[PDB]
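See below for work-v1.txt, which holds compact mmCIF, N, CA, C and O atoms.
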# COMPACT_ATOMS: atom_id res chain seq x y z
N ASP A 1 -155.93 52.87 -18.83
CA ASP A 1 -157.37 53.00 -18.99
C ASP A 1 -157.76 54.45 -19.23
O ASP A 1 -158.36 54.79 -20.25
N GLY A 2 -157.39 55.31 -18.28
CA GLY A 2 -157.68 56.73 -18.38
C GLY A 2 -157.27 57.32 -19.72
O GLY A 2 -158.03 58.05 -20.34
N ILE A 3 -156.06 56.98 -20.16
CA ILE A 3 -155.54 57.49 -21.44
C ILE A 3 -156.26 56.88 -22.65
O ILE A 3 -156.25 57.44 -23.74
N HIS A 4 -156.91 55.74 -22.46
CA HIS A 4 -157.69 55.16 -23.54
C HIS A 4 -159.04 55.84 -23.61
O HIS A 4 -159.55 56.11 -24.69
N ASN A 5 -159.61 56.11 -22.44
CA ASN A 5 -160.97 56.64 -22.36
C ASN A 5 -161.08 58.11 -22.70
O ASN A 5 -162.06 58.55 -23.30
N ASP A 6 -160.07 58.88 -22.31
CA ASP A 6 -160.00 60.26 -22.73
C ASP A 6 -159.91 60.28 -24.25
O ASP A 6 -160.26 61.26 -24.89
N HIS A 7 -159.48 59.16 -24.83
CA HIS A 7 -159.41 59.02 -26.28
C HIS A 7 -160.77 58.70 -26.90
O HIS A 7 -161.15 59.31 -27.89
N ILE A 8 -161.49 57.74 -26.33
CA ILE A 8 -162.82 57.42 -26.83
C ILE A 8 -163.75 58.62 -26.63
O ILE A 8 -164.59 58.91 -27.48
N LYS A 9 -163.57 59.34 -25.52
CA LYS A 9 -164.41 60.50 -25.21
C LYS A 9 -164.06 61.69 -26.09
O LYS A 9 -164.95 62.36 -26.62
N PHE A 10 -162.76 61.95 -26.23
CA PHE A 10 -162.27 62.90 -27.22
C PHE A 10 -162.85 62.54 -28.59
O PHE A 10 -163.33 63.39 -29.33
N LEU A 11 -162.81 61.25 -28.91
CA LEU A 11 -163.15 60.75 -30.24
C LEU A 11 -164.66 60.77 -30.49
O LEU A 11 -165.11 61.00 -31.61
N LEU A 12 -165.42 60.51 -29.44
CA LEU A 12 -166.87 60.50 -29.53
C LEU A 12 -167.37 61.92 -29.75
O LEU A 12 -167.99 62.22 -30.76
N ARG A 13 -167.08 62.79 -28.79
CA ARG A 13 -167.38 64.22 -28.91
C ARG A 13 -166.97 64.81 -30.25
O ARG A 13 -167.63 65.72 -30.76
N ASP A 14 -165.88 64.30 -30.83
CA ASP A 14 -165.30 64.88 -32.04
C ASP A 14 -165.89 64.36 -33.35
O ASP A 14 -165.86 65.06 -34.36
N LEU A 15 -166.42 63.14 -33.34
CA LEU A 15 -166.96 62.56 -34.56
C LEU A 15 -168.25 61.76 -34.38
O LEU A 15 -168.61 60.96 -35.24
N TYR A 16 -168.94 61.98 -33.26
CA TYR A 16 -170.14 61.21 -32.94
C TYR A 16 -171.24 62.05 -32.27
O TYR A 16 -172.35 61.56 -32.07
N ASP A 17 -170.90 63.29 -31.93
CA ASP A 17 -171.84 64.26 -31.35
C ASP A 17 -172.16 63.96 -29.88
O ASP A 17 -173.15 64.47 -29.34
N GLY A 18 -171.32 63.16 -29.23
CA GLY A 18 -171.59 62.68 -27.88
C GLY A 18 -172.51 61.47 -27.89
O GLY A 18 -172.74 60.82 -26.85
N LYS A 19 -173.01 61.15 -29.08
CA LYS A 19 -174.02 60.11 -29.30
C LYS A 19 -173.44 58.69 -29.31
O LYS A 19 -172.99 58.20 -30.35
N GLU A 20 -173.47 58.03 -28.15
CA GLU A 20 -172.99 56.67 -28.03
C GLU A 20 -173.71 55.72 -28.98
O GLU A 20 -173.25 54.60 -29.20
N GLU A 21 -174.84 56.16 -29.51
CA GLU A 21 -175.66 55.32 -30.37
C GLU A 21 -175.09 55.27 -31.78
O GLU A 21 -175.35 54.33 -32.54
N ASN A 22 -174.30 56.30 -32.11
CA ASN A 22 -173.68 56.43 -33.43
C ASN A 22 -172.44 55.55 -33.59
O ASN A 22 -171.77 55.55 -34.63
N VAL A 23 -172.14 54.80 -32.54
CA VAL A 23 -170.99 53.90 -32.52
C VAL A 23 -171.40 52.52 -33.03
O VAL A 23 -172.26 51.87 -32.44
N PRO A 24 -170.78 52.07 -34.13
CA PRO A 24 -171.04 50.73 -34.66
C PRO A 24 -170.76 49.66 -33.60
O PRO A 24 -170.07 49.94 -32.62
N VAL A 25 -171.29 48.46 -33.80
CA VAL A 25 -171.03 47.39 -32.85
C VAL A 25 -170.84 46.05 -33.57
O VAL A 25 -171.49 45.78 -34.58
N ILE A 26 -169.93 45.24 -33.04
CA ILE A 26 -169.66 43.92 -33.60
C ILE A 26 -169.73 42.83 -32.54
O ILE A 26 -169.75 43.10 -31.33
N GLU A 27 -169.77 41.59 -33.02
CA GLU A 27 -169.78 40.43 -32.14
C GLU A 27 -168.53 40.43 -31.25
O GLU A 27 -168.62 40.64 -30.04
N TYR A 28 -167.37 40.20 -31.86
CA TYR A 28 -166.12 40.19 -31.13
C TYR A 28 -165.10 41.06 -31.82
O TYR A 28 -165.04 41.09 -33.05
N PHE A 29 -164.30 41.79 -31.05
CA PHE A 29 -163.33 42.70 -31.64
C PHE A 29 -162.11 41.97 -32.20
O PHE A 29 -161.12 41.82 -31.50
N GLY A 30 -162.19 41.54 -33.45
CA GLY A 30 -161.10 40.81 -34.08
C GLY A 30 -160.59 41.50 -35.34
O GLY A 30 -160.39 42.72 -35.34
N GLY A 31 -160.39 40.72 -36.40
CA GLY A 31 -159.91 41.26 -37.67
C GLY A 31 -160.91 42.16 -38.38
O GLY A 31 -162.03 42.36 -37.91
N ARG A 32 -160.50 42.72 -39.51
CA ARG A 32 -161.43 43.51 -40.31
C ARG A 32 -161.99 42.60 -41.40
O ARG A 32 -161.41 41.56 -41.72
N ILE A 33 -163.13 42.99 -41.97
CA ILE A 33 -163.66 42.26 -43.13
C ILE A 33 -163.45 43.02 -44.43
O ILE A 33 -163.62 44.24 -44.49
N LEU A 34 -163.06 42.29 -45.47
CA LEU A 34 -163.03 42.84 -46.82
C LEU A 34 -164.43 42.66 -47.42
O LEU A 34 -164.77 41.58 -47.89
N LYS A 35 -165.22 43.73 -47.37
CA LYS A 35 -166.59 43.71 -47.91
C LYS A 35 -166.58 43.45 -49.41
O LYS A 35 -165.86 44.11 -50.17
N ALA A 36 -167.40 42.49 -49.84
CA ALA A 36 -167.54 42.19 -51.26
C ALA A 36 -168.71 42.97 -51.86
O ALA A 36 -169.80 43.03 -51.28
N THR A 37 -168.46 43.60 -53.01
CA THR A 37 -169.52 44.21 -53.80
C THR A 37 -170.10 43.14 -54.75
O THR A 37 -171.30 43.13 -55.04
N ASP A 38 -169.22 42.23 -55.19
CA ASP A 38 -169.61 41.03 -55.94
C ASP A 38 -170.37 40.01 -55.06
O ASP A 38 -171.58 39.87 -55.20
N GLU A 39 -169.66 39.32 -54.16
CA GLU A 39 -170.17 38.22 -53.32
C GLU A 39 -170.43 36.95 -54.13
O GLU A 39 -171.25 36.11 -53.75
N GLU A 40 -169.69 36.81 -55.23
CA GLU A 40 -169.79 35.67 -56.13
C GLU A 40 -168.42 34.99 -56.23
O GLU A 40 -167.41 35.65 -56.54
N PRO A 41 -168.38 33.67 -55.95
CA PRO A 41 -167.17 32.83 -55.92
C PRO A 41 -166.55 32.55 -57.29
O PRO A 41 -166.87 31.52 -57.90
N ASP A 42 -165.66 33.43 -57.74
CA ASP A 42 -164.98 33.27 -59.04
C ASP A 42 -163.72 32.40 -58.93
O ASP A 42 -162.63 32.82 -59.34
N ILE A 43 -163.87 31.20 -58.38
CA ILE A 43 -162.71 30.36 -58.04
C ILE A 43 -162.63 29.06 -58.85
O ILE A 43 -163.66 28.48 -59.20
N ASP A 44 -161.41 28.62 -59.14
CA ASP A 44 -161.17 27.42 -59.95
C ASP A 44 -161.34 26.13 -59.15
O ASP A 44 -161.01 26.06 -57.96
N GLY A 45 -161.86 25.11 -59.83
CA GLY A 45 -162.07 23.81 -59.22
C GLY A 45 -163.24 23.81 -58.25
O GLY A 45 -163.82 22.76 -57.96
N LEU A 46 -163.58 24.99 -57.74
CA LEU A 46 -164.68 25.14 -56.79
C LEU A 46 -165.99 25.53 -57.47
O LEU A 46 -166.04 26.44 -58.30
N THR A 47 -167.05 24.81 -57.11
CA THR A 47 -168.40 25.19 -57.49
C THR A 47 -169.15 25.64 -56.22
O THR A 47 -168.82 25.20 -55.11
N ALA A 48 -170.12 26.54 -56.37
CA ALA A 48 -170.82 27.11 -55.23
C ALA A 48 -172.33 27.16 -55.47
O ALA A 48 -172.78 27.53 -56.55
N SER A 49 -173.11 26.78 -54.46
CA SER A 49 -174.57 26.71 -54.57
C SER A 49 -175.21 27.01 -53.20
O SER A 49 -174.56 26.87 -52.18
N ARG A 50 -176.48 27.43 -53.18
CA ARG A 50 -177.18 27.60 -51.90
C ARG A 50 -178.70 27.79 -51.95
O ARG A 50 -179.23 28.52 -52.79
N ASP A 51 -179.39 27.14 -51.01
CA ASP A 51 -180.80 27.38 -50.73
C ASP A 51 -180.90 28.40 -49.61
O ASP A 51 -180.01 29.24 -49.43
N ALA A 52 -181.98 28.33 -48.84
CA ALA A 52 -182.09 29.10 -47.61
C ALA A 52 -181.83 28.14 -46.48
O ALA A 52 -181.87 28.51 -45.31
N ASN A 53 -181.55 26.90 -46.86
CA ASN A 53 -181.29 25.82 -45.92
C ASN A 53 -179.82 25.45 -45.84
O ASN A 53 -179.30 25.17 -44.76
N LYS A 54 -179.14 25.46 -46.98
CA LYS A 54 -177.80 24.90 -47.07
C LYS A 54 -176.93 25.59 -48.12
O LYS A 54 -177.37 25.80 -49.24
N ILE A 55 -175.70 25.92 -47.76
CA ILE A 55 -174.73 26.43 -48.72
C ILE A 55 -173.75 25.33 -49.15
O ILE A 55 -173.03 24.77 -48.33
N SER A 56 -173.72 25.04 -50.44
CA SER A 56 -172.94 23.93 -50.98
C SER A 56 -171.61 24.35 -51.61
O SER A 56 -171.57 25.14 -52.55
N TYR A 57 -170.51 23.81 -51.09
CA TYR A 57 -169.21 24.03 -51.70
C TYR A 57 -168.59 22.71 -52.08
O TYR A 57 -168.33 21.87 -51.22
N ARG A 58 -168.37 22.52 -53.38
CA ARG A 58 -167.79 21.28 -53.90
C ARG A 58 -166.53 21.54 -54.71
O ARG A 58 -166.55 22.26 -55.70
N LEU A 59 -165.43 20.93 -54.28
CA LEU A 59 -164.18 21.03 -55.00
C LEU A 59 -164.09 19.94 -56.06
O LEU A 59 -164.56 18.82 -55.86
N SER A 60 -163.47 20.27 -57.19
CA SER A 60 -163.44 19.38 -58.34
C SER A 60 -162.81 18.03 -58.04
O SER A 60 -161.83 17.94 -57.29
N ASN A 61 -163.36 16.98 -58.62
CA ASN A 61 -162.76 15.66 -58.48
C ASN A 61 -161.88 15.34 -59.68
O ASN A 61 -161.55 14.18 -59.93
N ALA A 62 -161.51 16.38 -60.42
CA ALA A 62 -160.63 16.23 -61.57
C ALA A 62 -159.21 15.83 -61.15
O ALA A 62 -158.63 16.43 -60.24
N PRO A 63 -158.66 14.79 -61.80
CA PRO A 63 -157.28 14.38 -61.57
C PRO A 63 -156.32 15.56 -61.76
O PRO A 63 -155.24 15.58 -61.18
N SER A 64 -156.74 16.52 -62.58
CA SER A 64 -155.94 17.70 -62.86
C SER A 64 -155.70 18.54 -61.60
O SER A 64 -156.51 18.53 -60.67
N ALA A 65 -154.58 19.26 -61.58
CA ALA A 65 -154.19 20.04 -60.41
C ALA A 65 -154.62 21.51 -60.49
O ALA A 65 -153.90 22.35 -61.02
N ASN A 66 -155.81 21.80 -59.96
CA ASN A 66 -156.24 23.18 -59.73
C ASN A 66 -157.26 23.33 -58.60
O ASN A 66 -158.33 22.73 -58.64
N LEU A 67 -156.90 24.12 -57.60
CA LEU A 67 -157.76 24.34 -56.44
C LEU A 67 -157.46 25.69 -55.78
O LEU A 67 -156.38 26.24 -55.95
N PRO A 68 -158.42 26.21 -55.00
CA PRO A 68 -158.25 27.48 -54.29
C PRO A 68 -157.24 27.35 -53.17
O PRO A 68 -156.77 26.26 -52.90
N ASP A 69 -156.94 28.46 -52.50
CA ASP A 69 -156.03 28.43 -51.37
C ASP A 69 -156.55 27.52 -50.28
O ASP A 69 -157.66 27.00 -50.36
N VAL A 70 -155.73 27.34 -49.25
CA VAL A 70 -156.22 26.82 -47.99
C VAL A 70 -156.72 28.05 -47.23
O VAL A 70 -157.49 27.94 -46.28
N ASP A 71 -156.27 29.22 -47.68
CA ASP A 71 -156.67 30.50 -47.12
C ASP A 71 -157.99 31.01 -47.69
O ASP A 71 -158.91 31.36 -46.95
N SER A 72 -158.07 31.08 -49.02
CA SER A 72 -159.29 31.49 -49.70
C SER A 72 -160.44 30.58 -49.31
O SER A 72 -161.56 31.05 -49.06
N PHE A 73 -160.16 29.29 -49.23
CA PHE A 73 -161.18 28.30 -48.90
C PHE A 73 -161.71 28.46 -47.48
O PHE A 73 -162.85 28.10 -47.19
N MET A 74 -160.89 29.01 -46.60
CA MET A 74 -161.33 29.25 -45.23
C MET A 74 -161.95 30.64 -45.00
O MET A 74 -162.50 30.92 -43.94
N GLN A 75 -161.84 31.50 -46.01
CA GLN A 75 -162.54 32.78 -45.98
C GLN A 75 -164.00 32.50 -46.28
O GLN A 75 -164.89 33.07 -45.65
N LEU A 76 -164.23 31.61 -47.23
CA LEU A 76 -165.56 31.35 -47.77
C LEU A 76 -166.39 30.46 -46.85
O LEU A 76 -167.55 30.15 -47.14

Just give me the structure as structure tokens.
Amino acid sequence: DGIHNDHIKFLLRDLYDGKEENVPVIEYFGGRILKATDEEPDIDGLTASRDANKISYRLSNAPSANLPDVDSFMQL
């Protein structure tokens, strides 16, 4: 603990001005996010739509074989 806190304190004083307010905050400390400058779904077989009520994701019903990841699909 001590060795972690001397680090946050070292780190605060060094890049935050002692200002605890200058420290970003998140919901839960997990993975990082890849911020999109686009934010537009350029994916095959997938169509994307949205109101302020509902975001619609529909995968193609084409017999043909093309679809996004199981990974990409769970990012979105």

Practice task
Could you check which of A:31, A:45, A:74, A:38 is closest to residue 62 (chain A), using all atoms listed in the file?
Solution key: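 Counting all atoms listed in the file, the residue closest to residue 62 (chain A) is A:45.
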
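Distances here use all atoms listed in the file; by that measure, the residue among A:6, A:14, A:69, A:20 closest to residue 44 (chain A) is A:69.
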
Exercise for the section: Based on DSSP run over this structure's backbone, return all residues of chain A in strand (DSSP E), as a ChimeraX atom specification. Expected result: /A:46-50,55-59

Based on the selection just made, write N, CA, C and O atoms of those residues as an mmCIF file, keeping the file's coordinate frame.
data_model
loop_
_atom_site.group_PDB
_atom_site.id
_atom_site.type_symbol
_atom_site.label_atom_id
_atom_site.label_comp_id
_atom_site.auth_asym_id
_atom_site.auth_seq_id
_atom_site.Cartn_x
_atom_site.Cartn_y
_atom_site.Cartn_z
ATOM 1 N N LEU A 46 -163.580 24.990 -57.740
ATOM 2 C CA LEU A 46 -164.680 25.140 -56.790
ATOM 3 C C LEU A 46 -165.990 25.530 -57.470
ATOM 4 O O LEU A 46 -166.040 26.440 -58.300
ATOM 5 N N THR A 47 -167.050 24.810 -57.110
ATOM 6 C CA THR A 47 -168.400 25.190 -57.490
ATOM 7 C C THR A 47 -169.150 25.640 -56.220
ATOM 8 O O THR A 47 -168.820 25.200 -55.110
ATOM 9 N N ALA A 48 -170.120 26.540 -56.370
ATOM 10 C CA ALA A 48 -170.820 27.110 -55.230
ATOM 11 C C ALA A 48 -172.330 27.160 -55.470
ATOM 12 O O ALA A 48 -172.780 27.530 -56.550
ATOM 13 N N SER A 49 -173.110 26.780 -54.460
ATOM 14 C CA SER A 49 -174.570 26.710 -54.570
ATOM 15 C C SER A 49 -175.210 27.010 -53.200
ATOM 16 O O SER A 49 -174.560 26.870 -52.180
ATOM 17 N N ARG A 50 -176.480 27.430 -53.180
ATOM 18 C CA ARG A 50 -177.180 27.600 -51.900
ATOM 19 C C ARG A 50 -178.700 27.790 -51.950
ATOM 20 O O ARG A 50 -179.230 28.520 -52.790
ATOM 21 N N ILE A 55 -175.700 25.920 -47.760
ATOM 22 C CA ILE A 55 -174.730 26.430 -48.720
ATOM 23 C C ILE A 55 -173.750 25.330 -49.150
ATOM 24 O O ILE A 55 -173.030 24.770 -48.330
ATOM 25 N N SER A 56 -173.720 25.040 -50.440
ATOM 26 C CA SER A 56 -172.940 23.930 -50.980
ATOM 27 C C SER A 56 -171.610 24.350 -51.610
ATOM 28 O O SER A 56 -171.570 25.140 -52.550
ATOM 29 N N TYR A 57 -170.510 23.810 -51.090
ATOM 30 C CA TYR A 57 -169.210 24.030 -51.700
ATOM 31 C C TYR A 57 -168.590 22.710 -52.080
ATOM 32 O O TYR A 57 -168.330 21.870 -51.220
ATOM 33 N N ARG A 58 -168.370 22.520 -53.380
ATOM 34 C CA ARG A 58 -167.790 21.280 -53.900
ATOM 35 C C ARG A 58 -166.530 21.540 -54.710
ATOM 36 O O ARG A 58 -166.550 22.260 -55.700
ATOM 37 N N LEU A 59 -165.430 20.930 -54.280
ATOM 38 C CA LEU A 59 -164.180 21.030 -55.000
ATOM 39 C C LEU A 59 -164.090 19.940 -56.060
ATOM 40 O O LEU A 59 -164.560 18.820 -55.860
#

Practice task
Return the single residue from A:54, A:71, A:12, A:2 that is closest to residue 24 (chain A), with distances computed using only C-alpha atoms.
Solution key: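 Going through A:54, A:71, A:12, A:2 one by one, the smallest distance to residue 24 (chain A) is for A:12.
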
Exercise for the section: Please identify which residues in chain A DSSP calls alpha helix (DSSP H) from the backbone, and express them as a list in words. Expected result: residues 2, 3, 4, 5, 6, 7, 8, 9, 10, 11, 12, 13, 14, 15, 72, 73, 74 and 75 of chain A

Exercise for the section: Calculate how many Å separate atom N of residue 40 (chain A) from atom N of residue 58 (chain A), rounding to one decimal. Expected result: 14.5 Å

Handout entry: Gap from CA of residue 22 (chain A) to atom C of residue 37 (chain A) - Å, one decimal
Key =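 Computed distance, CA of residue 22 (chain A) to atom C of residue 37 (chain A), equals 25.4 Å.
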
Handout entry: Two-atom distance - atom O of residue 3 (chain A), atom N of residue 15 (chain A) (Å)
Key =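 Separation between atom O of residue 3 (chain A) and atom N of residue 15 (chain A): 15.1 Å.
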
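Each of A:13, A:36, A:29, A:41 was checked against residue 56 (chain A) using only C-alpha atoms; the smallest atom-to-atom distance is that of A:41.
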
Handout entry: Contacts of residue 60 (chain A) at 6 Å (all atoms listed in the file; same-chain gap of 5+ positions) as a PyMOL selection string
Key = chain A and resi 45-47+66

Copy region 51-74 of chain A out of the block into a file, keeping N, CA and C atoms, as a short mmCIF file (atom, residue, chain, number, x, y, z; two decimals), in the first residue's frame.
data_model
loop_
_atom_site.label_atom_id
_atom_site.label_comp_id
_atom_site.auth_asym_id
_atom_site.auth_seq_id
_atom_site.Cartn_x
_atom_site.Cartn_y
_atom_site.Cartn_z
N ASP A 51 -32.55 5.58 -32.99
CA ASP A 51 -33.30 6.75 -32.53
C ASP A 51 -32.63 7.29 -31.28
N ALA A 52 -33.42 7.93 -30.42
CA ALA A 52 -32.96 8.30 -29.10
C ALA A 52 -33.56 7.30 -28.14
N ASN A 53 -34.32 6.37 -28.72
CA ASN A 53 -35.01 5.34 -27.97
C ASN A 53 -34.34 3.98 -28.09
N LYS A 54 -33.84 3.67 -29.28
CA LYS A 54 -33.40 2.31 -29.57
C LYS A 54 -32.27 2.26 -30.60
N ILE A 55 -31.24 1.48 -30.31
CA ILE A 55 -30.18 1.23 -31.29
C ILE A 55 -30.36 -0.14 -31.96
N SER A 56 -30.51 -0.13 -33.28
CA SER A 56 -30.83 -1.33 -34.04
C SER A 56 -29.62 -1.97 -34.73
N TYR A 57 -29.34 -3.23 -34.41
CA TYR A 57 -28.31 -3.97 -35.10
C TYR A 57 -28.90 -5.21 -35.73
N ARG A 58 -28.84 -5.29 -37.05
CA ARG A 58 -29.39 -6.42 -37.80
C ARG A 58 -28.34 -7.08 -38.69
N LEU A 59 -28.11 -8.36 -38.45
CA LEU A 59 -27.19 -9.13 -39.28
C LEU A 59 -27.92 -9.71 -40.48
N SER A 60 -27.22 -9.78 -41.61
CA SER A 60 -27.83 -10.18 -42.87
C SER A 60 -28.46 -11.56 -42.82
N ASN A 61 -29.60 -11.71 -43.49
CA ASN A 61 -30.22 -13.02 -43.59
C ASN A 61 -29.84 -13.69 -44.91
N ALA A 62 -28.78 -13.19 -45.53
CA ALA A 62 -28.27 -13.76 -46.77
C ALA A 62 -27.68 -15.16 -46.55
N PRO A 63 -28.09 -16.12 -47.39
CA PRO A 63 -27.51 -17.47 -47.36
C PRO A 63 -25.99 -17.41 -47.48
N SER A 64 -25.49 -16.35 -48.10
CA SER A 64 -24.06 -16.16 -48.30
C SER A 64 -23.33 -16.02 -46.96
N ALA A 65 -22.06 -16.42 -46.95
CA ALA A 65 -21.25 -16.41 -45.73
C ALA A 65 -20.41 -15.14 -45.56
N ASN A 66 -20.98 -14.15 -44.88
CA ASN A 66 -20.21 -12.99 -44.42
C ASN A 66 -20.81 -12.31 -43.19
N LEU A 67 -20.02 -12.24 -42.12
CA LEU A 67 -20.46 -11.64 -40.86
C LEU A 67 -19.27 -11.13 -40.05
N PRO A 68 -19.53 -10.20 -39.12
CA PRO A 68 -18.48 -9.65 -38.26
C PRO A 68 -17.97 -10.68 -37.27
N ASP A 69 -16.96 -10.32 -36.49
CA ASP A 69 -16.44 -11.21 -35.47
C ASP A 69 -17.52 -11.57 -34.47
N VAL A 70 -17.17 -12.47 -33.56
CA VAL A 70 -17.94 -12.64 -32.35
C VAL A 70 -17.36 -11.62 -31.37
N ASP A 71 -16.16 -11.14 -31.70
CA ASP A 71 -15.47 -10.11 -30.93
C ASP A 71 -15.90 -8.70 -31.29
N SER A 72 -15.85 -8.38 -32.58
CA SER A 72 -16.30 -7.08 -33.08
C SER A 72 -17.75 -6.85 -32.70
N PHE A 73 -18.56 -7.89 -32.83
CA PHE A 73 -19.98 -7.81 -32.55
C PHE A 73 -20.26 -7.54 -31.07
N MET A 74 -19.35 -7.95 -30.21
CA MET A 74 -19.51 -7.70 -28.78
C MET A 74 -18.86 -6.39 -28.30
#
